[PDB]
Amino acid sequence: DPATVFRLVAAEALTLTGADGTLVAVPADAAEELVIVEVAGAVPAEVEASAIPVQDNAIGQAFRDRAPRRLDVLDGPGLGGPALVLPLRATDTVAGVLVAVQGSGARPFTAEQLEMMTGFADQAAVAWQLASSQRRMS
């Protein structure tokens, strides 16, 4: 189940960044909402299945503009501190948006961490695209 990839992405992102928490938001299936399908670390389990608007916020923006982004501050579903916003960019589709989140008063993410996680996010989108295509092949 391709959705399983997103769980591994959330888990590995938490390990690689050492951030307080991570989440992955995915279009349900032009989208007007993303849904948080996976959560790790300090992001409460209860946030899973949350609907995120595509418009007027950094997570939905990344889903549209395919631009990885570091933020000093990201509020709900962020945790108040720095964040990395990492679209999972496949060929001609965005699979979802991975977000690594810190509580207030954490150091900002470096450009190098952004670069590293952009690579991870790219590789993750390939993993997901492959899994999705294997499923259609049945």
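Just the heavy atoms: all of them, side chains too, but no hydrogens, waters or symmetry mates, feed the values below. Positions are given from 1, in the same order as the sequence printed here.
Under the 4.5 Å side-chain heavy-atom criterion for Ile, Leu, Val, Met, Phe, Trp and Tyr, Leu88 and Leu71 are members of distinct hydrophobic clusters. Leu8 and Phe120 fall into different hydrophobic clusters, where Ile, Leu, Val, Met, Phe, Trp and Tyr side chains are chained together by heavy-atom contacts under 4.5 Å. Note on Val9 and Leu84: same hydrophobic cluster, where clusters join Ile, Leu, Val, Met, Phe, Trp and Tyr whose side-chain heavy atoms are under 4.5 Å apart, directly or indirectly. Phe6 and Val47 are assigned to two separate hydrophobic clusters, defined by single-linkage of ILVMFWY side chains at heavy-atom distances under 4.5 Å. A chain of hydrophobic side-chain contacts below 4.5 Å, direct or via other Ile, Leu, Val, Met, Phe, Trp or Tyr residues, connects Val97 to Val54.
Here the side chains of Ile59 and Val99 are in contact, with some heavy-atom distance below 4.5 Å. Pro87 places none of its side-chain heavy atoms less than 4.5 Å from the side chain of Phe63. Side chains of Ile52 and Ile36 form a contact here, defined as non-hydrogen atoms less than 4.5 Å apart. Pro2 is listed as a side-chain neighbour of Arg135, based on a closest heavy-atom distance under 4.5 Å.
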- [ ] Decide yes or no on side-chain hydrogen bond (donor to acceptor under 3.5 Å, both in side chains) for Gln113 and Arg70, but give the supporting numbers first.
- [x] CA-CA 9 Å; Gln113 281 178 297; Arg70 56 189 173 113; over 6 Å; no
- [ ] Step by step, work out the side-chain contact (heavy atoms from CB on, under 4.5 Å) result for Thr110 and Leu114.
- [x] CA-CA 6 Å; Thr110 63; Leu114 186 56; over 6 Å; no
Task: CA sep, side-chain torsions, deciding dist, call: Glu38, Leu23, side-chain contact (heavy atoms from CB on, under 4.5 Å) - done: CA-CA 5 Å; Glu38 295 298 337; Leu23 59 90; over 6 Å; no
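For the pair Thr22 (side chain) and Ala13 (backbone), a donor-acceptor distance under 3.5 Å is absent. Checked by atom type and distance alone, the side chain of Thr17 pairs as donor or acceptor with a backbone atom of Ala19 at under 3.5 Å. Side-chain N or O atoms of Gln129 include one that pairs as donor or acceptor with a backbone N or O of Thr91 at under 3.5 Å. In this structure, the side chain of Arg7 does not engage the main chain of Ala3 through any donor-acceptor pair within 3.5 Å. Proximity of a side-chain donor or acceptor of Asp20 to a complementary backbone N or O of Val101 within less than 3.5 Å is not detected. Side chain of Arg89 to backbone of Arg66: a donor-acceptor contact under 3.5 angstrom is found.
The two residues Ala131 and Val5 have their closest heavy-atom pair at CB-CG2, 4.1 Å. Taking all atoms of both residues into account, the shortest heavy-atom contact from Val35 to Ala28 is CG2-CB, 4.3 Å. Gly96 and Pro27 make their closest contact through CA-CD, 4.3 Å (heavy atoms, listed as atom of the first residue, atom of the second, distance). Looking at every heavy atom in both residues, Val39 comes nearest to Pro44 through CG1-O, 3.5 Å. Of all the heavy atoms in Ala106 and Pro82, the pair that sits closest is O-CG, 3.4 Å.
In this structure, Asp65 places its CG atom where more than 12 heavy-atom neighbours from other residues, nucleotides or ligands lie under 6.0 Å away.
Shown are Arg64, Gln61, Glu32; of these, the side chain to side chain donor-acceptor pair (under 3.5 Å) with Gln55 is made only by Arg64. Of the residues listed (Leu86, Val85, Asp122), the one engaging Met117 in a side chain to side chain contact (heavy atoms under 4.5 Å, CB included) is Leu86, and it is the only one.
To the nearest 0.5 Å, the span separating OG1 on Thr4 from CH2 on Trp128 amounts to 14.0 Å. Once rounded to the nearest 0.5 Å, the distance linking OG of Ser50 with CD of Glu48 reads 10.5 Å. To the nearest 0.5 Å, atom CG of residue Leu16 and atom CE of residue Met116 are 6.0 Å apart. Atom CG in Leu74 sits 8.5 Å away from atom CG in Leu79 (nearest 0.5 Å). Taking OG of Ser104 as the reference point, atom CG of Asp72 lies at 12.0 Å (rounded to 0.5 Å).
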